[PDB]
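Just so you know, structure 1 and structure 2 below are the same protein chain in two forms, each on its own as structure tokens.
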Structure 1
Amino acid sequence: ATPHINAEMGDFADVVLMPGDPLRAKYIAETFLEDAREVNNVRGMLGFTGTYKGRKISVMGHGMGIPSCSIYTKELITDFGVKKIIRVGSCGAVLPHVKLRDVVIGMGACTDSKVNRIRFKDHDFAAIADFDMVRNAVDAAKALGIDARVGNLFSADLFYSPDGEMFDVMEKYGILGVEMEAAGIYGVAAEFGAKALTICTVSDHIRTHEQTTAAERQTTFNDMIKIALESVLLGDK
């Protein structure tokens, strides 16, 4: 049992999918895993462990923001023997050709957080995913006949940014989606020696329209889940 996770070594698989929303986690456990067993609930952060095609998998929420998922990802890696982390979240689009429900794979993640600067002597640490994991996810996609753009995400500390001019900068450098934890998860993965990948579904467009919470914890967003789960199986081989 860690400060935020009441579980023991073994309750979790070596691989756990992590959405920011705990209710999406329950939905994942219920819709895709077999013999799903709840292993955590300390602050409502639901944790589940079951099997997808024989493969033992776990799925748990990490909350919103980099300092939130940093806590969870860290405890999972250091105290529950977890090896790979695949964040299954949502994000806002800034590029004109990016559509809602489009799946994005972040091989990299920019950020306006100071976390990585704190652990890299105020320099620029490129927050990147695990190449193979990224590739497992690309292959999985092609095999499921689902589209997916591979690129940089931007992990923001402020959902409601006081600086909108930064979206022109993001767009210029073509960041695929705006979310809030990828860059923190990668930094943690690296700091504690683990492997991770962030997959996201465009839930809204910074320049246009959006979805609903309901749609966000159950509708589609099944594509990224299928992709995530299948890519894991690819990694097993």
Structure 2
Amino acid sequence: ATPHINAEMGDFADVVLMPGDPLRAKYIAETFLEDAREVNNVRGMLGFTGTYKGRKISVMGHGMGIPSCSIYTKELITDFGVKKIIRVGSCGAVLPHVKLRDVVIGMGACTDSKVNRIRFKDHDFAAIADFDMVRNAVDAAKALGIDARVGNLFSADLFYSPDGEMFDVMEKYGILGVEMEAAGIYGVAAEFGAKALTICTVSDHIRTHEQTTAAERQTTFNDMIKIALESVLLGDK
């Protein structure tokens, strides 16, 4: 077992899908996995294991923020033999040509955190995903008919930022969406030698919030998950 995960070696697949919300991790195991079993529930951070089209897959929440997801991804990679981590979450839009319900894939992730400077002797560590995972994700989305955008994400430490003028900067350097974990997970993946990726759906538009209809918002979230799950099979081949 582990300080934050009460399970044993074998309980998880070598691939773990991670939503920020635990209740959302249960929703995924319910909707897409066959024969899903709960493998952890410490602090209410639900984790499940099952199979998709015959492939052993796991899904577990990682909580909000870099400090939170860092603890979990680290314990999985170094104590449960996990090799891949695909974060499937939500992000806010900054660029105008980016619309609600757009699937974005973070090849890289900018940040206002200090975690990577701490690991990188205070220089700039470019937090990036695994190239193959990005490609698998891009090819799966195409098969499903979705036109995914691949670029930079911004991982913020303050959801309720004091500044706000930093949003002008993000849009200027082409940031595709803002969330809160990418840069942290990538930093962890680099540190312990595993592979990670982050896919997001635009939850709202910083510029002008607002959304469409629940039915459509939920269809796009499912499209994202199918791309995540399908990209894995694709990577097995």
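Residue indices: 1-based, along structure 1. Think of the rigid core as the biggest set of C-alphas that the two forms share within 1.5 Å after superposition. Only residues modelled in both forms are compared.
Asker: Aligned on the rigid core, do the two forms place the Cα of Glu30 2 Å or more apart, comparing between structure 1 and structure 2?
Answerer: No, the C-alpha moves less than 2 Å.
Asker: With a threshold of 2 Å on the C-alpha, tell me if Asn222 counts as moved between structure 1 and structure 2 once the core is superposed.
Answerer: No, shifts by less than 2 Å.
Asker: Once both forms sit on the same rigid core, is the C-alpha displacement of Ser68 at or above 2 Å between structure 1 and structure 2?
Answerer: Result for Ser68: no, shift under 2 Å.
Asker: Keeping the rigid core superposed, can you check how far the CA atom of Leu100 moves between structure 1 and structure 2, in angstrom?
Answerer: Shift of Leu100 at C-alpha, rigid core superposed: 1.4 Å.
Asker: After superposing on the rigid core, how much does the Cα of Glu210 shift between structure 1 and structure 2, in Å?
Answerer: A shift of 4.0 Å.
Asker: For residues shared by both forms, which stretches of 3 or more shift their Cα by 2 Å or more between structure 1 and structure 2, once the core is superposed?
Answerer: Moving region between structure 1 and structure 2: 210 to 220, nothing else.
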